Amino acid sequence: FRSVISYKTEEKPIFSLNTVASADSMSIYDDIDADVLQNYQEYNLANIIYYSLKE
Amino acid sequence: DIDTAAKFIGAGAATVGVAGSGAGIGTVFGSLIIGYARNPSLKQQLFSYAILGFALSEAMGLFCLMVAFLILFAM
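This is the structure in structure tokens:
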């Protein structure tokens, strides 16, 4: 949603565990193991769906 | 007479430096357990360091055991 007159269609990417745990840009993030990423990927699925249902 | 009696004390003291390798090899394999449980997909590469660490800490302890005998038997 942008204004009362016009809206645009959009797609937001949804990453799984094996791509967020393997990305070498996630090496700076501390105290991370492949379980605390699963709980974080499962929650960020309900967010990007909720943010989508409001838009 | 005492020159041989001193070779039983000098050799009993030299061999206690091995205690530094009983605690080293524990720290090496006490970290292969912690470090593994965090990243269990690197078992092949952690074990390859626990062996390098077990061999280098034991190599210091066995220097003591060699000076234990090189005093007790050679001179």
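Residue numbers (the authors' numbering), protein chains in the order written: chain G, 165 to 219; chain 2, 1 to 75. Cβ atoms here follow ideal geometry from the backbone N, Cα and C, with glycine treated the same way.
C-alpha gap between residue i and residue j, whole angstroms
i: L46 (chain 2); j: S31 (chain 2); result: 9 Å
i: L52 (chain 2); j: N211 (chain G); result: 46 Å
i: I9 (chain 2); j: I34 (chain 2); result: 40 Å
i: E206 (chain G); j: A185 (chain G); result: 13 Å
i: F29 (chain 2); j: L56 (chain 2); result: 13 Å
i: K218 (chain G); j: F179 (chain G); result: 21 Å
N-terminal and C-terminal residue of the alpha helix (DSSP H) that residue i is part of
i: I2 (chain 2); result: 2-14
i: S170 (chain G); result: It is not in any alpha helix (DSSP H) - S170 (chain G) carries neither H nor E in the DSSP assignment.
i: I51 (chain 2); result: 43-69
i: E206 (chain G); result: 202-218
i: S180 (chain G); result: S180 (chain G) -> no alpha helix (DSSP H), and no H or E assigned at all.
Helix, strand or coil at residue i [DSSP, three-state]
i: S189 (chain G); result: coil
i: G20 (chain 2); result: helix
i: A74 (chain 2); result: helix
Quiz item: Do the stretch 11-28 of chain 2 and the stretch 62-69 of chain 2 make contact, defined as three or more Cβ pairs closer than 8 Å?
Solution: yes
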